[PDB]
């Protein structure tokens, strides 16, 4: 069974899954301290519920919210929006790219204990347990990021929950991450090398898929094409089209690696960790929000001749095998 913000669910219940999403991208404590940054907490909830409901109508049954403590994960927000939209949400532990001093001063042993608290006991005082461990690196894995990766591996080995990575910009990084994970004895089948759609290096992608890593092609709608006069949009969303990103899905299928593909949007319904009003920029690029994958990408890939059964295995079977805890 898989832990969600509404409690444990069976594999059969998981359904069509978006494996890399966010309700809100923020900072620890920030939503609670300055909700008016988002208009109000109520407005944010409304926007998230509407948008998750549209994804539900398009067939989405589960999302994995890979916001960590330092991304401002508010598991009570997740629970309220999950219940109202009636969509499963898997919450995360781990460490992203903005750890405060209380996190980045910690040892690998301490970080391991923190991840285990969140997986085995619960997040804060809620009893809601994390279903995945999220880590993030910047180009060259820093000494601290390597501690985070080792603790993630150790916590995955103790609990069976999988690890999902943020690979910054387009600098790849999967091979450096995989080296550390394997030095800890972690199976590649418990790891998703995320944001792998940021690169067109098919040799790089295929070699990781061949080792049994899951490949996250998970920022599919992000594109700043047409927004070249907005430097912050280009930096965040890139200059490649969504079709370019989506065609990597086809490319890995064609190389025989359909079982290794996880697809998502990396969307959110509010964001404070970047420039002010950036949510409006994203919303103008992709009005479909989290429904972008079932509404646009799935038909696109059918139109390129990929069988329905193959797309169902990528959107249903792969996420379930990935999320089901496995020692």
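Positions refer to the first chain, counted from 1. Superpose the two forms; the largest set of C-alphas matching within 1.5 Å is the rigid core.
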Do the Cα atoms of 170-178 or those of 144-152 sit farther, on average, from the shown form in 5 other deposited structures of this protein after fitting on the core? 170-178
Between 98-106 and 216-224, report the one with more C-alpha displacement in 5 other deposited structures of this protein relative to this form after a rigid core superposition. 216-224
For residue 240, does the count of other compared entries lacking it reach at least a third? yes
Looking at the deposited entry, does 44-52 or 293-301 carry the larger mean Cα B-factor? 293-301
Out of 76-84 and 167-175, which one has CA B-factors that are higher on average in the deposited record? 167-175
Candidate residues 212, 94, 139, 131, the one whose C-alpha B factor the record puts highest: 139
Say you rank 150, 219, 104, 117 by Cα B-factor from the PDB entry; which sits at the top? 117
On the chain's distribution of Cα B-factors, residue 36 falls within the third called middle
Quick check on the deposited entry: does the C-alpha B-factor of residue 314 sit in the lowest, middle or highest third of its chain? middle
Entry-reported Cα temperature factor of residue 235, expressed as the chain third it lands in: highest
For the chain shown, is the CA B-factor of residue 251 in the lowest, middle or highest third of its modelled residues? highest
What third of its chain, lowest, middle or highest, does the C-alpha temperature factor of residue 205 fall into? middle
